[PDB]
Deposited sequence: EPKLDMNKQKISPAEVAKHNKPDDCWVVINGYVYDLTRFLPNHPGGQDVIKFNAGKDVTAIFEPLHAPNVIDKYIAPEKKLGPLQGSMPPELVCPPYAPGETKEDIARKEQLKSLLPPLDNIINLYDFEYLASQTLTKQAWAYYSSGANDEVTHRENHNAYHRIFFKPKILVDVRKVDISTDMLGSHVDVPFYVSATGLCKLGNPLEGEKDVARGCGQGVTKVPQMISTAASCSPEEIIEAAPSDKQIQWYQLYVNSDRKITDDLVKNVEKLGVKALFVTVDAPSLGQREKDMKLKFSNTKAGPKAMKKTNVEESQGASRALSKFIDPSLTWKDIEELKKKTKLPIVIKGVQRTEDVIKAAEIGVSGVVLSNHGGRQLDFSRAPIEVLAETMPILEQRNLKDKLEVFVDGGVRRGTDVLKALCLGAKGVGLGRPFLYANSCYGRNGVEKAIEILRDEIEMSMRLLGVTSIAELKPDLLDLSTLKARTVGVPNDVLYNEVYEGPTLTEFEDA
């Protein structure tokens, strides 16, 4: 609408220096003002009323910390293992389709770059729906040490999916995340409203098919989009490597629970049956601060994913932005680890958390409109007129 005049003025040199970016929300704010209406709609959107998208995040605040004091914390290590690889941090960039809307010149290529160009090396989940080719993305990663996973929507045409699995294996991805929370497309209304002037994805995907995909590949399988303890147990029973507790960033079923709350529930069940070492359990949704990450890890998550935050960093400052987002988050984790009073990821245990109010998921009774309207609050002292 010939208004992106204003839009290139902000982008251009009105953007703050990267070094002035304090947190992940800063990236989000700037993204909100500079992207095209449709890039913004496509990235920021959730399903229907977007309660789950929001509740993904808010549920972290239903958990508090019980930190240890008087512990030597001079030295902290936040490295860990995810899917047989050693990783610098306990988080990753979750898979995120069509990055070219926000970063038109480089797209998914810049995520790879930002994930390996600096001191800390963060795993990248690549979308089957990436606007770049899997080859353009792997051959762009500036360090052999960095790792890459492939996210898979299994096609109705299973020949397509059988060759895809084979092409990514030989390109060096270290795992397959099979997305199972999107048999039909979540109704994302922000998109639709602006639009006013599936085959891609097989809705028949079965457990039996996952049993089958186990046999046709040597890459480790994580079932991405589990939303129930019962199905975590089912992933164990069929012997996949892992599972992402996820609701697609609240882009699919609205009133899916927060994965953090589901985590809290499933981990203890997985212990009453030996299964803690069997199944790596990942978590995404709503994660915006180092303490969110820490809460997850304390509950038993092997790793925690982020989508939108990185997507927004990438869309404003490309690869450099991604590297900074990594820096911001990695420091948030170390700094708060220290205040928690532990020194390694393996020391992050449930006794560090206060879980007594996890289930305080409330809906107030409607506000008394008349009563509140006529009431006049207390008032501060004023300053003389002089």
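- Gaps without C-alpha coordinates occur at 1-101, 299-322, with positions taken along the deposited sequence from 1.
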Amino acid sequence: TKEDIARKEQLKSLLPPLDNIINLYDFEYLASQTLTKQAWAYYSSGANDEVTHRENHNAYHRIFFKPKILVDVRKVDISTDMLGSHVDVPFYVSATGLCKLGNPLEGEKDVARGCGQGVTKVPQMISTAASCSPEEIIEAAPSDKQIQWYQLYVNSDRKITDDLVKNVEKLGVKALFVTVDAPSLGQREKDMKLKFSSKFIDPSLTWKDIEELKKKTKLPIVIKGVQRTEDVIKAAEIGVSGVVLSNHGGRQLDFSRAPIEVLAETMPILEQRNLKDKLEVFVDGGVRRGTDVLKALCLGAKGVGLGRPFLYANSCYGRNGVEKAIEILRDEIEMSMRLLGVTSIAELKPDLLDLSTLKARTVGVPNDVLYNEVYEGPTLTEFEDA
From here on, numbers count along this sequence of modelled residues.
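- Taking only CA atoms, the mean B-factor in the PDB entry is higher for 273-281 than for the other of 238-246 and 273-281.
- With 303-311 and 150-158 compared on mean CA B-factor from the PDB entry, the stretch scoring higher is 150-158.
- Per the deposited coordinates, the residue with the largest Cα temperature factor out of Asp254, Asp181, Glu261, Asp110 is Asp110.
- Looking at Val168, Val287, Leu294, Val226, the one whose CA carries the top B-factor in the deposited record is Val168.
- In the deposited entry, the Cα temperature factor of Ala95 sits in the middle third of values across the chain's modelled residues.
- Split the chain's modelled residues into thirds by C-alpha temperature factor. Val71 is in the lowest one.
- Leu101: CA B factor lies in the highest third for its chain, per the PDB record.
- In this PDB entry, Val374 carries a Cα temperature factor that places it within the lowest third of its chain's modelled residues.
- Per the PDB record, residue ranking by Cα B-factor puts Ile78 in the middle third of the chain.
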